[PDB]
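In case you want the letters, here they are:
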There are 4 protein chains.
Amino acid sequence: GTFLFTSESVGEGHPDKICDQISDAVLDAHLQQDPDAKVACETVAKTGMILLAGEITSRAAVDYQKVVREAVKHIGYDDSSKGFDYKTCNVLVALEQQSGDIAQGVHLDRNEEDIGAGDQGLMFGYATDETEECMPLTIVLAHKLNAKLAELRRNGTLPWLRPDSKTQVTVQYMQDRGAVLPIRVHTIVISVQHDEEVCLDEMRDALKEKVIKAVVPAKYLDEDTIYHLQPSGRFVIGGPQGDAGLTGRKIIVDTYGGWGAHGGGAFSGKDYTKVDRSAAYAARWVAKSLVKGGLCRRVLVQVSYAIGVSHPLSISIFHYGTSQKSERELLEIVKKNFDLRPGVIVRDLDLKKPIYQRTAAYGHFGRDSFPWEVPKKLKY
Amino acid sequence: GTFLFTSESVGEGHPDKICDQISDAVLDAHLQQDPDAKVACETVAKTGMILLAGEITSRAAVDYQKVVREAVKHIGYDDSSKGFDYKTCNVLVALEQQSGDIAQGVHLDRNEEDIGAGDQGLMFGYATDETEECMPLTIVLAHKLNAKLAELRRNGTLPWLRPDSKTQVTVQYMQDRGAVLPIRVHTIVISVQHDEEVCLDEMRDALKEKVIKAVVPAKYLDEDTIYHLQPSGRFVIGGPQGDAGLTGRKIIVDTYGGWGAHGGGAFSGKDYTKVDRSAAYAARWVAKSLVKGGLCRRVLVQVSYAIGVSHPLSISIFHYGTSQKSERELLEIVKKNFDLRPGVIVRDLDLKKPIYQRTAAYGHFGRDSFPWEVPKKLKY
Amino acid sequence: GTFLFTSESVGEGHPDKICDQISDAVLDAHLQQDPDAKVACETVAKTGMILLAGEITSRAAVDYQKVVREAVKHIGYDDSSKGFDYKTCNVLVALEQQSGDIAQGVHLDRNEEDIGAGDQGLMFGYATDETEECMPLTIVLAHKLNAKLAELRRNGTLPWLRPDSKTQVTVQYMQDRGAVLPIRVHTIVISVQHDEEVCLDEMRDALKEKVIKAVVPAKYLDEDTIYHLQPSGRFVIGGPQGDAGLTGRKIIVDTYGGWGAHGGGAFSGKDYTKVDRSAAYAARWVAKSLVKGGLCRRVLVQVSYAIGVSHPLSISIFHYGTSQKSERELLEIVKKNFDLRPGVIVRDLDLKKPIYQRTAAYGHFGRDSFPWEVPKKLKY
Amino acid sequence: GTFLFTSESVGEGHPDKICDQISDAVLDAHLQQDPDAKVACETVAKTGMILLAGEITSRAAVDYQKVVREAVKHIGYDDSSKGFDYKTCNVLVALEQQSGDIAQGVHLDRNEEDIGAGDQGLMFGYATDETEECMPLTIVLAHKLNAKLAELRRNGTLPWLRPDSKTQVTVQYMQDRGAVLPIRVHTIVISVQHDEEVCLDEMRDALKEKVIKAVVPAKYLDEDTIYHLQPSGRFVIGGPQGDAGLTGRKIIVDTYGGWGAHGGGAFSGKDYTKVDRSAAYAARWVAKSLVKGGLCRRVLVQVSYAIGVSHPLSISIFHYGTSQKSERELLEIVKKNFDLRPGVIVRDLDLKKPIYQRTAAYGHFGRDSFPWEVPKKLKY
Ligand SMILES: C[S@@+](CC[C@H](N)C(=O)[O-])C[C@H]1O[C@@H](n2cnc3c(N)ncnc32)[C@H](O)[C@@H]1O
Ligand SMILES: C[S@@+](CC[C@H](N)C(=O)[O-])C[C@H]1O[C@@H](n2cnc3c(N)ncnc32)[C@H](O)[C@@H]1O
Ligand SMILES: C[S@@+](CC[C@H](N)C(=O)[O-])C[C@H]1O[C@@H](n2cnc3c(N)ncnc32)[C@H](O)[C@@H]1O
Ligand SMILES: C[S@@+](CC[C@H](N)C(=O)[O-])C[C@H]1O[C@@H](n2cnc3c(N)ncnc32)[C@H](O)[C@@H]1O
Ligand SMILES: [K+]
Ligand SMILES: [K+]
Ligand SMILES: [K+]
Ligand SMILES: [K+]
Ligand SMILES: [Mg+2]
Ligand SMILES: [Mg+2]
Ligand SMILES: [Mg+2]
Ligand SMILES: [Mg+2]
Ligand SMILES: [Mg+2]
Ligand SMILES: [Mg+2]
Ligand SMILES: [Mg+2]
Ligand SMILES: [Mg+2]
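Criteria and thresholds
- Residues numbered from 1 in each chain as written, not as in the entry; some residues may be left out.
- Chains lettered and ligands numbered in written order.
- Heavy atoms only, no water.
- Residues with missing side-chain atoms left out of burial classes, pairs and counts.
- Near = heavy atom within 4 Å.
- Polar contact = N/O pair within 3.5 Å; in protein donor to acceptor, adjacent residues only side chain to side chain.
- Areas by Shrake-Rupley, 256 points an atom, 1.4 Å probe, with all protein chains shown as cover.
- Helix = DSSP H or I, 4+ residues; strand = E, 2+ residues; numbered from the N terminus.
- UniProt positions renumbered as here; feature names shortened; annotations may be inferred.
- Contact = heavy atoms within 4.5 Å.
- Least-squares fit on C-alpha atoms.
- Domains from an automatic or database assignment.
- Buried area = accessible area lost by both parts, 1.4 Å probe.
- Salt bridge = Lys/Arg side-chain N within 4 Å of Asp/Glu carboxyl O.
- Nonpolar A, V, L, I, M, F, W, Y, C, P; charged D, E, K, R; others polar.
- Buried < 20%, exposed > 50% of the residue type's maximum accessible area, 1.4 Å probe, protein only.
- Pairing = 2+ DSSP bridges.
- Axes fitted to C-alpha atoms, helices over the stretch in contact; angles between N-to-C directions.
- Parallel < 35°, antiparallel > 145°, perpendicular 65-115°, else oblique.
- Left-handed = near helix turned anticlockwise from the far one by under 90°.

Looking at the entry header, you'll see X-ray crystallography listed as the method and 2.70 Å as the resolution.

Right under this line is the structure:
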């Protein structure tokens, strides 16, 4: 009757996640001055180095040096003894205009409504009634565990916690008629960067007690639950200095933690015309609607695009057999109710607002507000 | 009865794929001198720039300058008028040792057999009987279409084709008792970098005729099949100069094109102890076996790991209802037949051999040899 | 009676000189929008790479990417087969604000007239009546020889000449009562980058005939004059790809070719408040005046500064015994006639005008216009 | 009767000087394993960044990461609150082989004795009997003042002193029959990086009392001597973070502080075949000999070279009228006694020994040992 399922998350100071956060700092910063900015900024993190590579065409004036350093300040990386510091690190800027070849194909000369896609791609959307957030529990708890760490780090409670971390959660489920029901937490993993001077025992206790027991409902915990708390033993070297960091390299953490499917596309660093972002948020929007709106417990939604073309080439809706209504019918309800041309998406989900930096840690989905988490009512 | 499903691939000269190929050039190059090398090399591509960021502990002496430039030579990027050239570009090397903190947690002091994982993570494996390769058709054809382009570029037939390209394939399927049957190709997309001097008409004809009709079985093509051939119109600016490139940013192209699931982990740049690679190939190995070995038409396999721990924390097998035998039974057959500790995987799949550069374009799966595509016989 | 004396120059495509030219491109570009810009931009050239490191506080908006690439376009480096190309190279921008610590010390809150120096330093000025330009012949001819190469390269006459070159000139002098008289050219050296396909003989002939005989008065040439024309034999690999390039590493080429003295300070990349530039041009201005104005045949002038202090700490005038009037008297004539506070210099020599890129090749002295080559009339 | 003359020096933590020191760290490191290494390594320093650009052909295996970081560790830059730290900064390595075009011209196929020059150039040598070191006092004292700072910083006495500093010394001389006699110190300048928490008054006192009075003979100080001690007021931001740093940009500090002449060539980063170094040390060697050996009080010596040619194209000896013997005669004594072909120089001055890092701060001349400071006895 039961199966296991694992998902991971990572903290704000994880080297990949830094880049993701920096690339959206850079995005917000343009959108703050030029709503119709075209942004494809990739960040790379390594010891002492933040580098920005990509394409930007904008009217905004932007101090990348300020934008990056504040981003790294907000993360907590603010002293050499933490293995990284916004004050004294290097920032390289290798940023150009958008390819004029791309410029003409995507966005020159057409109503903002009938804008062609920014690239080709495939994007997925998912939602499940296993949780309030309409997300898998495995990923929801993974995020919350890194969230709690951050809370405890910045409030003082564990001033030995450093910014870099990774959680991983495995849950024992059961199959209820195509839908899934979480039953117990089988294994939690936490590895978090720390100050030299604390011992291992002290950390593991604190993670079991202050983090996990605070975060996981005790109904999902029991005497058989395995804990792997600082499994390595030592994690004083962290962030960029431990491990090179790249934008778009935590795109399963950003979405559904192995559940449903992924199209390949990264989110951070990209304005609305990048359909890797706009369509992906739309597809979430749609899936969450279909569940909340009563048609299914669990749903998967594909879309695909061609560069230069506005409508999608394909739309697919898989409901796992959790729906009375057919597969051609949900397709028709989605079609009645959504306009998945990237230029109409942006109106509905307000995607010119510089709110992207909030998205670049703890998931782009299942989260407090954001426009795409707010389900539309369905007419059918 | 039918649903659509899209998948993309990209050529050898796609800026991401360059990095993936360069990161495995760097990996092979170490493994050629030091079989037990520890390698985490990330490449970044942008106009005139290749950069290497990461961690390497090895006894090998390596001329990164040679290793990269030959990699870029083999790709075809060998003149300024192509938008990139191995002779005259910049190569930056920001490479350090592996974190000693990681070193002690993973691999110091233990039989190579009982080596702990290199990191935490989740990894998926998939196989489907819809094709000979045991892969989805959508992704198989996407790869072949970029493959044909490369053939035609390097043999002279279309000496206007440049290295950068992207294909995308959408197939109309039908559900046969949990399994899937491809029926028709609904939409093909191809966008490929070209010389200034050729016109659009000439290219589109050549793609329809020389590439698609050569690659797609005519049984999957008809008068309703949509073609989007150079949808942008112009693609003279390509490779790194068009678009920044990062290692590990085509990890859905590298695997199953939206089918099954993905754990988040990138492949290129990593030796065997990186379970993002070793377990992922093992999970493919297992899924392909279960199908070829007669137990299922379509199967998905999760595994997860903890950094420092050798055994996996979880193993999951989903067969889509295409199997007579239960879900606890396939689990037991896999367990009887495989040892998913990363240090035993490496023996069975021969993963110290410097064959990784071959993997970094056209998929890591469904491909000619490679040890993980060769199914093990099952005892049960 | 006679002594030898050598001086070198280098072309517009010499890797150091590229940087010097790029750093003044960046300077002019600010001064074009913000006359009171504060600029300390260092450029570094190597294969495929231009990098900008330094400090800039300005109101100007500047596309460094455009500014650099055009600079490299104007040089001639515009194809991969020339070993460097403005289109496809990498440009890294590591540029910050000016240190606020420096900002307060130098320039916040004081009449632009009584501005303190930008740094400490020593600067020299020299002039000699051996030539019309009031410069040493050795250096004048070195420059002209690289100048002729450039003329012949850009007009077609020798389309095998590439941008990188170096000349070197040695002249046999005689001592006339403290002053110097050029007598013969003892040795000329020329090494210039070329296309693969031309032979050595052809080049050497062309250099002897088209360059040297065009440039050197035949009165200074004879049958004993040594020529070293492509002394290496082969110079196909040139510019940044041959040799790393740094701003401020041809500061003896920029000035007097070993004659007189140098204070250590580089010129390119710096606005007026950098006294390494402003005082050095002033000291030239003064020396040229004293000679043209009849008081000496040959003169050397030191000045020094303290960071934050406006007046100079010292002024020295050495006339080589070529002056009727004493050493305390020339000091007094200079003092009567010049105001060497950097903020008064800038008014007199018009040093906010974006004319600096013209200075960054072929010398900052002995040249057509520029304000500092135009001697002031002296009252005494 | 009297004239003023200024000279500057800078500390071990001055951003230029860092690069110079790093480039010789890299040189020594090769010479330690491969005596006949060919090295042209340029370093660039800026906030968080050390970059190495250049050409190296060697059999040595070198961990540039270790070599640089230790170099920066030895300097004192070892915490974020000092504005730079060897632990956490970025090190970029853009290092290639030597141009094969240069390789064939300079050093393939010829007795190590009759090796051609590594490049063209002009180099100067100087010596003066005004001091024991046979150097100008202005520069000797400038160096000692930065030397004392370093002593006091590393021993604890002023643990507020940071690595970055600059001194400047002006001395009132008199002309004794072509030679020079120091009379008084007219102006001393010191600006040194400090901790936030010390006040200005405290520093200025300490510099007057602990540094200057310790370093300058009281015979050269009096009540008229001007002091400019922290002239800016504030210097908390220092090293690379204050000011970009380049190798070879303190080449007047490295030599004679404005006295004599300079050929343009930098020293650090270069093995013996780079005549910018080998000939310059030889010319010092020669000048010091002529003075110590009794033929002159003050002497200047030019040499020049052609790339590929072993003998020098020119040799010049100016003795300022401080010698009984003529100008053609000293030429003949030098010629009798020295072999200025770069491959014979290296034997005599032992220039394959990895002692270069000691040279890269406080001057390459007037210093304790080094082979070129040890005068040869003259036969004449
Ligand atoms: C369109 S780009 C990514 C968008 C990019 N970030 C930008 O600047 O907007 C994605 C890939 O599509 C391909 N591509 C680039 N230029 C293209 C063009 N003009 N038309 C079609 N495809 C293009 C390249 O292979 C490129 O790496
Ligand atoms: C282990 S690293 C990736 C492996 C890396 N490429 C290497 O050098 O082997 C992945 C992430 O795990 C976390 N991590 C780093 N060091 C760790 C340690 N010593 N123990 C546990 N987790 C660590 C960091 O957040 C890091 O980004
Ligand atoms: C003043 S800086 C060069 C000017 C710089 N290019 C700028 O941004 O204006 C030259 C050197 O003086 C020293 N220096 C830096 N900041 C200083 C300050 N606030 N006061 C005095 N000296 C300083 C440092 O050693 C620095 O390398
Ligand atoms: C010889 S290089 C400097 C030596 C260099 N650091 C090395 O790798 O040995 C100095 C300059 O001479 C010129 N040059 C480069 N290659 C040359 C060659 N093969 N023959 C003559 N001159 C050359 C270039 O302009 C170059 O910038
Ligand atoms: K990584
Ligand atoms: K990209
Ligand atoms: K150089
Ligand atoms: K500087
Ligand atoms: Mg990563
Ligand atoms: Mg994409
Ligand atoms: Mg990419
Ligand atoms: Mg991973
Ligand atoms: Mg140079
Ligand atoms: Mg200076
Ligand atoms: Mg400098
Ligand atoms: Mg030189």
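From this point, things continue past the structure.
1. Some remarks on the site of ligand 4
Around ligand 4 sit 18 residues in total, of which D164, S232, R234 and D243 of chain C together with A40 of chain D are the nearest. Bordering ligand 4 are residues originating from chains C and D. Between ligand 4 and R234 of chain C, the relevant distance is 2.9 Å, taken from a nitrogen atom to a main-chain nitrogen or oxygen of the residue. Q98 of chain D places a polar side-chain atom, nitrogen or oxygen, 3.4 Å from an oxygen atom of ligand 4. Expressed as a share of its isolated accessible area of 570 Å², the protein-covered part of ligand 4 is 96%. Those elements giving two or more residues to the shell around ligand 4 turn out to be strand 8 (161–176) of chain C together with helix 3 (100–106) of chain D.

2. Comments concerning the UniProt feature "binding site: Mg(2+)" in chain A
Residue and element names in this part refer to chain A. Within this numbering scheme, the UniProt entry marks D16 as carrying the feature "binding site: Mg(2+)". With respect to the element layout, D16 can be found in helix 1 (residues 15–31). If we skip the residues at most four places from it in the chain, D16 touches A244, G245, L246, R249 and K250.

3. Notes on the relation of the copies chain A and chain B
Between chain A and chain B, which share one sequence, the superposing operator has a rotation angle of 180 degrees and an axial displacement of 0.0 Å; the RMSD is 0.0 Å. The two molecules are tied by a two-fold rotation axis, judged by turn and shift. Ranked by how close their C-alpha atoms come to the rotation axis, the residues of chain A are headed by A261 of chain A, at 2.6 Å. Same-surface contact between copies: 100% of interface residues of chain A are shared with the interface of chain B.

4. A short note on the domain arrangement of chain A
Residues and elements named next belong to chain A. Split into domains, chain A comes out as domain 1 (1–9 + 137–237), domain 2 (10–113 + 238–274) and domain 3 (114–136 + 275–379). Placing a centre on the C-alpha atoms of domain 1 and another on those of domain 3 gives a separation of 29 Å. Taken together, the contact pairs 17 residues of domain 1 with 14 residues of domain 3. Across the domain 1/domain 3 interface, buried area totals approximately 1,200 Å², and carbon plus sulfur atoms make up 55% of it. Three residues stand out in domain 1 for area buried against domain 3, namely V140, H143 and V180, and they jointly supply 33% of the buried area on that side. Inspection of the region where domain 1 meets domain 3 yields two salt bridges. Between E133 and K144 there is a salt bridge, with its nearest N and O atoms 4.0 Å apart. Elements with a minimum of two residues in the side of domain 1 that touches domain 3: helix 4 (137–155), strand 8 (161–176) and strand 9 (179–194). No other element matches the nine residues that helix 4 contributes to the side of domain 1 that touches domain 3.

5. Looking at the site of ligand 3
The local shell around ligand 3 holds 18 residues, among which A40 of chain C together with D164, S232, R234 and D243 of chain D are the closest. More than a single chain frames ligand 3: its nearby residues are located in chains C and D. For ligand 3, an oxygen atom lies 3.4 Å from a polar atom in the side chain of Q98 of chain C. In this structure, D164 of chain D approaches ligand 3 through a side-chain N or O atom, which is 2.5 Å from an oxygen atom. Every element with two or more residues in the shell around ligand 3 is listed here: helix 3 (100–106) of chain C together with strand 8 (161–176) of chain D. Considered class by class, the residues forming the shell around ligand 3 number five nonpolar, five polar and eight charged.

6. Section: the interface of chain A and chain B
The interface of chain A with chain B comprises 74 residues on the first partner and 74 residues on the second. The largest contributions to the chain A side of the interface with chain B come from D101, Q120 and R249 of chain A, which together make up 13% of the buried area. For the pair chain A and chain B, the number of links is 10 salt bridges. Taking the shortest distance from any N to any O, the salt bridge between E42 of chain B and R249 of chain A comes out at 2.7 Å. Seen at the junction of chain A and chain B, the total is 38 residue pairs in polar contact.

7. A short note on the environment of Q21 of chain A
Residue and element names in this part refer to chain A. Note that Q21 resides in helix 1. When its relative accessible area of 5% is taken as the criterion, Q21 is described as buried. If sequence neighbours within four positions are ignored, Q21 has contacts with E12, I75, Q357, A360 and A361. Polar side-chain contacts of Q21 include one of 2.8 Å to the backbone oxygen of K17.

8. Points about the relation of the copies chain C and chain D
When chain C is fitted to chain D, the residual RMSD is 0.0 Å, and the transformation amounts to a turn of 180 degrees plus an axial shift of 0.0 Å. A shared interface surface links the copies, since 100% of the contact residues of chain C are contact residues in chain D too.

9. Regarding the UniProt feature "binding site: L-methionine" in chain A
UniProt's entry tags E55, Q98, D243 and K274 of chain A with the feature "binding site: L-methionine", counted in the numbering of this structure. Spanning 220 residues, the named residues do not form one spatial group; their C-alpha atoms are separated by as much as 29.7 Å. Mapped onto the secondary structure, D243 of chain A falls in the loop between strand 10 (226–229) and strand 11 (245–246). In this view, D243 of chain A contacts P15 and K46 of chain A together with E55 of chain B; residues no more than four positions away in its chain are not counted. Assignment of secondary structure puts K274 of chain A in the loop between strand 11 and helix 6 (275–292). Non-local contacts of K274 of chain A, meaning those with residues more than four positions away in its chain, are made with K38, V39, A40 and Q98 of chain A. Looking at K274 of chain A, its side chain comes within polar contact range of the side chain of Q98 of chain A, at 3.2 Å.

10. With respect to the sheet that holds strand 1 (residues 2–10) of chain C
Residue and element names in this part refer to chain C. Spatially, the four strands line up as an open sheet ordered 1-8-9-10, and their pairing is mixed. At either end of the open sheet lies a strand with only one pairing partner, and these are strand 1 and strand 10 (226–229). The sheet shows a mean angle of 20 degrees between the axes of neighbouring strands, direction not considered.

11. Let's talk about the pairing of strand 13 (residues 314–318) of chain C
Residue and element names in this part refer to chain C. The element strand 13 is extensively covered by neighbouring structure, given that four of its five residues are classed as buried. Where strand 12 (residues 298–305) lies against strand 13, five bridges are found, and the strand directions are antiparallel. Paired with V301 across the bridge in strand 13 is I317.

12. Here we look at the packing of helix 1 (residues 15–31) of chain B against helix 2 (residues 64–75) of chain B
Residues and elements named next belong to chain B. Running from amino to carboxyl end, helix 1 crosses helix 2 at an angle of 135 degrees, the nearest separation of the two axes being 9 Å. One finds that helix 1 runs oblique with respect to helix 2. Of the two possible hands of crossing, helix 1 and helix 2 adopt the one that is right-handed. Along its contact with helix 1, which presents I18, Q21, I22, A25, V26, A29 and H30, the element helix 2 presents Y64, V67, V68, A71, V72 and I75. Of the residues that constitute the contact of helix 1 with helix 2, the class distribution is 11 nonpolar, two polar and no charged.

13. Some thoughts on the interface of chain C and chain D
The partner chain D presents 74 residues to the 74 residues of chain C that form the contact. At the boundary of chain C with chain D, total buried surface from both sides reaches about 5,600 Å², with 53% on carbon and sulfur atoms. Its largest share of buried area at the contact with chain D, chain C owes to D101, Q120 and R249 of chain C, together 13% of the area lost on that side. Connecting chain C to chain D are 10 salt bridges. The shortest N-O distance in the salt bridge between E96 of chain C and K46 of chain D comes to 3.7 Å. Remark: the boundary between chain C and chain D carries 38 residue pairs in polar contact. Sort the elements by how many residues they give to the side of chain C that touches chain D and strand 1 of chain C lands first, with seven residues.

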